[PDB]
Amino acid sequence: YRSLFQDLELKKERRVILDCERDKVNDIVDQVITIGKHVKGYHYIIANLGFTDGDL
Amino acid sequence: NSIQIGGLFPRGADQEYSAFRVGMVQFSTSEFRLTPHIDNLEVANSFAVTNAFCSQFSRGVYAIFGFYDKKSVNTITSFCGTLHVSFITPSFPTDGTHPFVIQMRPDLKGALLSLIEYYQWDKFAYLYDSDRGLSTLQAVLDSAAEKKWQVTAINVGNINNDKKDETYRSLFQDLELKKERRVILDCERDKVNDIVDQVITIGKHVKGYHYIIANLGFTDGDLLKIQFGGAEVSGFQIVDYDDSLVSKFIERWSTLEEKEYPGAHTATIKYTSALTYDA
Amino acid sequence: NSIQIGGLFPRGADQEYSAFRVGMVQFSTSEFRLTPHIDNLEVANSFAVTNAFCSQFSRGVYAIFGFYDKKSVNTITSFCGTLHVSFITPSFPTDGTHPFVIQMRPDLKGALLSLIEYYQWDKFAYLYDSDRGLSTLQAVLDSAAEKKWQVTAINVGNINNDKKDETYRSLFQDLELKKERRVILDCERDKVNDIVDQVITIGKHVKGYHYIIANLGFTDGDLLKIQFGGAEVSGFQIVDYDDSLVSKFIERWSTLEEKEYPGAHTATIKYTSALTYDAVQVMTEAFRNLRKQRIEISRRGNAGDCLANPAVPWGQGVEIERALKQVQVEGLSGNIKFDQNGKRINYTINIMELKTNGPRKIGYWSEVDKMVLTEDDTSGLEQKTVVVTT
Numbered sequence: 177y178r179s180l181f182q183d184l185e186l187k188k189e190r191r192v193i194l195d196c197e198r199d200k201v202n203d204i205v206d207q208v209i210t211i212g213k214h215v216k217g218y219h220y221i222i223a224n225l226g227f228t229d230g231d232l
Numbered sequence: 010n011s012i013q014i015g016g017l018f019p020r021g022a023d024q025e026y027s028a029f030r031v032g033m034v035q036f037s038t039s040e041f042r043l044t045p046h047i048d049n050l051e052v053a054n055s056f057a058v059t060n061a062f063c064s065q066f067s068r069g070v071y072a073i074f075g076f077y078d079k080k081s082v083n084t085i086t087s088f089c090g091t092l093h094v095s096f097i098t099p100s101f102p103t104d105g106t107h108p109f110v111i112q113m114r115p116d117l118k119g120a121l122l123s124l125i126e127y128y129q130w131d132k133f134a135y136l137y138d139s140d141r142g143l144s145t146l147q148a149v150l151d152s153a154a155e156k157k158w159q160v161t162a163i164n165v166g167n168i169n170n171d172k173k174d175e176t177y178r179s180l181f182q183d184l185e186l187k188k189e190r191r192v193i194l195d196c197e198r199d200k201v202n203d204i205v206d207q208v209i210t211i212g213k214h215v216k217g218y219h220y221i222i223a224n225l226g227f228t229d230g231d232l233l234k235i236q237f238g239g240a241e242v243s244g245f246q247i248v249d250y251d252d253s254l255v256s257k258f259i260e261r262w263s264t265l266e267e268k269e270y271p272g273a274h275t276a277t278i279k280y281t282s283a284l285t286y287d288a
Numbered sequence: 010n011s012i013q014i015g016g017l018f019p020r021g022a023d024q025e026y027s028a029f030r031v032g033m034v035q036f037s038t039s040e041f042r043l044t045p046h047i048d049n050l051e052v053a054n055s056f057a058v059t060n061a062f063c064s065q066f067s068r069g070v071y072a073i074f075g076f077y078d079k080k081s082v083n084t085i086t087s088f089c090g091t092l093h094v095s096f097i098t099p100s101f102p103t104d105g106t107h108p109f110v111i112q113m114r115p116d117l118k119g120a121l122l123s124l125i126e127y128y129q130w131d132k133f134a135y136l137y138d139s140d141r142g143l144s145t146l147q148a149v150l151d152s153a154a155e156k157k158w159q160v161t162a163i164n165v166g167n168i169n170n171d172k173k174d175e176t177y178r179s180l181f182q183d184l185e186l187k188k189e190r191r192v193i194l195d196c197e198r199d200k201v202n203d204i205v206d207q208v209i210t211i212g213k214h215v216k217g218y219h220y221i222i223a224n225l226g227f228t229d230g231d232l233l234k235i236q237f238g239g240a241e242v243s244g245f246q247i248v249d250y251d252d253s254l255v256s257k258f259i260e261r262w263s264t265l266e267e268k269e270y271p272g273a274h275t276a277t278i279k280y281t282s283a284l285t286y287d288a289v290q291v292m293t294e295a296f297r298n299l300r301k302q303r304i305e306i307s308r309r310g311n312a313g314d315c316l317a318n319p320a321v322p323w324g325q326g327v328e329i330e331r332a333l334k335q336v337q338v339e340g341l342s343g344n345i346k347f348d349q350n351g352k353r354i355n356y357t358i359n360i361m362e363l364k365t366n367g368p369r370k371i372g373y374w375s376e377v378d379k380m381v382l383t384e385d386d387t388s389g390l391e392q393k394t395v396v397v398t399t
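Protein chains in written order, with the deposited numbering: chain D, 177 to 232; chain B, 10 to 288; chain A, 10 to 399.
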C-alpha cells in the first residue's frame, strides 16, 4: 500500500475514485489514515452503494 | 535475617508490583531477607496515605517505598522528614530538597532544554498535565526569558473522558491560528495515547509538524500508529534495550506467565517498573 | 450551649487572632458562645497540622478554623473530605470542588483578566510567588493563548532572602531585554513591598511604567513610598474603608490598645482579618439558624482517633455543612453567599487606582456583571503636563 501511494505521489495525484469491496475499502481507508493522505487537498469517491455502510 | 520495609503501591500499577517481587526474587541473599509490607491504596487520598504510613510505622519498618502524587508529595516529605524515615520513590523528583527522600527518577528538564537548544526552536506550543508537577514548565519559561521563546502552554488534564473529544479539535484549531508547527507534549502514557490518537484523527501527524514527548517512556509509547505520517518525532529513553544486562532481563521477563505477574509477559517494560526493580 | 471549635493560627499572625477576639465579642449570644481550641503551629508542617487536627478531632469539635499552605491544602481538603468535618478558611481557594470546605476569598482571577481586558494589554511580565498557587498563572496563560498575549512569567519567590537584592538587578534587566513596561505582581505584601523598594533603588518607579498588585488588600501595601514616582499603579480591593459599617469597625478598631490586641491599634487592617471577622459572623449566625432547626447534634469525643480503620464519620456534620452553605449575610467585604461547592458567590470587588493624591476607587466588579466602571472622576484633576518629545 505504502509503495502504491508513494507511486501515486510521483504523479502527485490529489484525486482517486476507489472501487472496492467494503472490507478492502475499510482496509485501504485505514492505510490512508496511517499514511495520513487524507488531509485537505485530497479527495475520494467510493464507488458503491455502501458509502454509508462503511465507517467514515 | 528478616528486614521489614514499606511497600505502598497505587492500584493499576501492577507491572511495577510484579517487577517488584521479581526484585525480591532476583536479589535475595543468604545473609538476610527483606520483609515487604504491600499496600495497594490510592495515592489520591492523602489521608489514606497517612493511614498506610502510620500503619507501616506501627509495623516498625526500617524503610518505606511507593509512588506519590503531587497532591501527596508534601505529605510524604512532611512525615518522612519528621520521623527521619527514608522513602525511596520512582515518581517525579521533588521540587524542594528534603531529608530521607531518595528518588529514582532522574531530573529530565535540563535534557529537554538542551534538546530544544539543538532543534533551535524560536516558538512553540507546550501542552502539559498538572499531575507530574508544573515545575518543568516553570523551567521552560525561565529559558524563554533568556532564549526569547514565545511558548504557549495549555493544560489538558482537566478534561473529562466523557467529553474527551471536541475539546481537542477546538484546541488544535486554536493552535492553527498561530499555525504552530512544533509542540513538546508533556503527558502521561495514557494521555499520550489519546492525544496521539486525536492527532491522527485530525491528521496533523503529517510532515511539516513535529513533536517531542517529555518523558522516559518514548519507547514505551505506541508510536507505530504515527510512524508513517512523515512528521518527525523524538523523545527519551532512560533504558537502552541494547544493554547486556537489559537484554538478559528481557530473556526472562518474557518467560513469566501473566497469571502470576500480569503485564510482565512482553518484549519490553515501562521504565518506571525498571526503576522499581533497580530500587 | 457553648460550642467547641477549631483554631489553627500560624505564628506571627497576631492581628488575625486579635480580630478573632473582636469577632468573639461582636457576636456573642446567649443561645451559644463559641469555645475555641486556639493553636499556633507552622502552616508548612503538614505533620504538625495533622497532629493538632487529630487533637481537636479527639475533642470532637463540631467546627474547625485556620489557614493552610498550598503544601497543606491537600491535607485539610483530604481530611474534610474523608472525615466529613466542616471547616472554614480565609486562605486562597482550592482549584477543585471540595466538600466540607468554606473559604472567605472570592477568586481574584476573573476580575484580573477583566482588568487586563480593560487596559487592552498584549505584552507583560508576570512575577509570582509560588505560595498562593499557580492557578492564576494557568489562567493568565489560558487567556493569553486566545488573546495572542505575550506572557513573561517568572518565579521570584524561590529567591533566598540572604541576598534578596542581587537577583533583582539581573531580573529587571531581563525585562529590559524586551523593555517591558507592564508588570503584573503576584506575591504576599511583604515580598511586594520589598520588591517595590528594589524598583525604587533601580529607579523604575518613573512614569510610563504601569503596575498591577494582585491581592485582595491593595491598600495594605506601602503605596505612599512610590506615590510620586509617576509610574501608574492600580489594584483590586475587597474592603471599602468608606463603608459606614467598616467605618464604625475602625471606630472601635484603632482606639483599642495594641497591647491586648496586637495589630489592632491602627488606621489600617489586613483583608485577612476582615475575612476572619466575617467568618465569625457567618459561623455564629449559622449555628443561630441551627437553633431554629433544633437539630440536636451534641456528641462526646466519639470521633476518637483519626486513624480508625475504616473511620466512619458522623453525618450530623454533613447536615451542618448544608446549614453553612445556605447562610447568606452581610460582612466587612459586603454580602456573603455560598454555592454548594462552597465558593463565595454573587460578590463584588472594588477596583482601585493610585491617584497622585492617593489611592482611589473607579468602579466595582461583580462576577456576573463583570467589570463595572463608576463615574467617580471628580471632574478631572489635571492633564498632568503632557510630554512633548522632539
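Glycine is no exception: its CB is placed at the ideal position from the N, C-alpha and C atoms.
According to the Cβ coordinates, are residue i and residue j closer than 8 Å?
i      : j      : result
B:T91  : B:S55  : no
B:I97  : B:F76  : no
A:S81  : A:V52  : yes
B:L284 : B:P99  : yes
B:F181 : B:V160 : no
A:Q246 : A:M361 : yes
B:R198 : B:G230 : yes
A:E40  : A:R297 : yes
A:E376 : A:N359 : no
B:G15  : B:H46  : yes
D:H219 : B:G212 : no
A:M292 : A:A72  : yes
A:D195 : A:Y250 : no
A:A61  : A:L117 : no
A:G272 : A:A240 : no
Assuming residue i and residue j are in contact, meaning their beta carbons sit under 8 Å apart, how far apart are those beta carbons, in whole angstroms?
i      : j      : result
B:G166 : B:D203 : Contact doesn't hold; Cβ gap of about 11 Å is too wide.
A:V31  : A:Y286 : 6 Å
B:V242 : B:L232 : 7 Å
B:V70  : B:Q13  : 4 Å
A:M33  : A:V289 : 7 Å
A:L121 : A:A223 : 6 Å
A:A332 : A:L299 : 6 Å
Return no unless some Cβ of chain B is closer than 8 Å to the Cβ of residue i.
i                      : result
A:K132                 : no
A:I211                 : no
A:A162                 : yes
D:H219                 : no
D:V205                 : no
D:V215                 : yes
residue 174 of chain D : No information on residue 174 of chain D is available, as it lies outside the stretch 177 to 232 that chain D covers here.
residue 169 of chain D : Chain D is shown only over 177 to 232; residue 169 of chain D falls outside these bounds and no answer can be derived.
A:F88                  : yes
If you compare alpha carbons, which of the options is closest to residue i?
i      : options                        : result
A:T38  : A:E294, A:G343, A:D23, A:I329  : A:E294
A:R353 : A:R369, A:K364, A:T365, A:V336 : A:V336
A:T281 : A:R309, A:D386, A:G340         : A:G340
B:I168 : B:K200, B:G244, B:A162         : B:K200
A:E330 : A:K216, A:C89, A:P368          : A:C89
B:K157 : B:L184, B:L50, B:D131, B:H107  : B:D131
A:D174 : A:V208, A:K188, A:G326, A:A148 : A:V208
A:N366 : A:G326, A:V110, A:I235         : A:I235
A:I306 : A:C315, A:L316, A:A320, A:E328 : A:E328
B:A276 : B:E266, B:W262, B:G105         : B:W262
I want to see whether chain A comes within less than 8 Å of residue i, judged by CB atoms only; does it?
i      : result
B:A223 : no
B:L122 : no
B:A154 : yes
B:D140 : no
B:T84  : yes
Answer yes or no: does any C-beta atom of chain D fall closer than 8 Å to that of residue i?
i      : result
B:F237 : yes
Legend entry - alpha helix (DSSP H) runs wholly inside the region 189 to 222 of chain B, at least 4 long, in chain order: 198 to 211
Legend entry - Whole runs of the beta strand (DSSP E) within the region 147 to 183 of chain B, excluding any shorter than 3 residues: 161 to 164
Legend entry - Ranges of the alpha helix (DSSP H) found wholly within the region 117 to 143 of chain B, counting only runs of at least 4: 118 to 128
Inset, instruction - For the region 37 to 114 of chain B, list the beta strand (DSSP E) runs that are entirely contained and at least 3 residues long, ordered along the chain. - result: 42 to 48
Inset, instruction - Can you check the region 240 to 271 of chain B for any beta strand (DSSP E) of at least 3 residues that lies completely inside it and give the ranges in chain order? - result: 241 to 243
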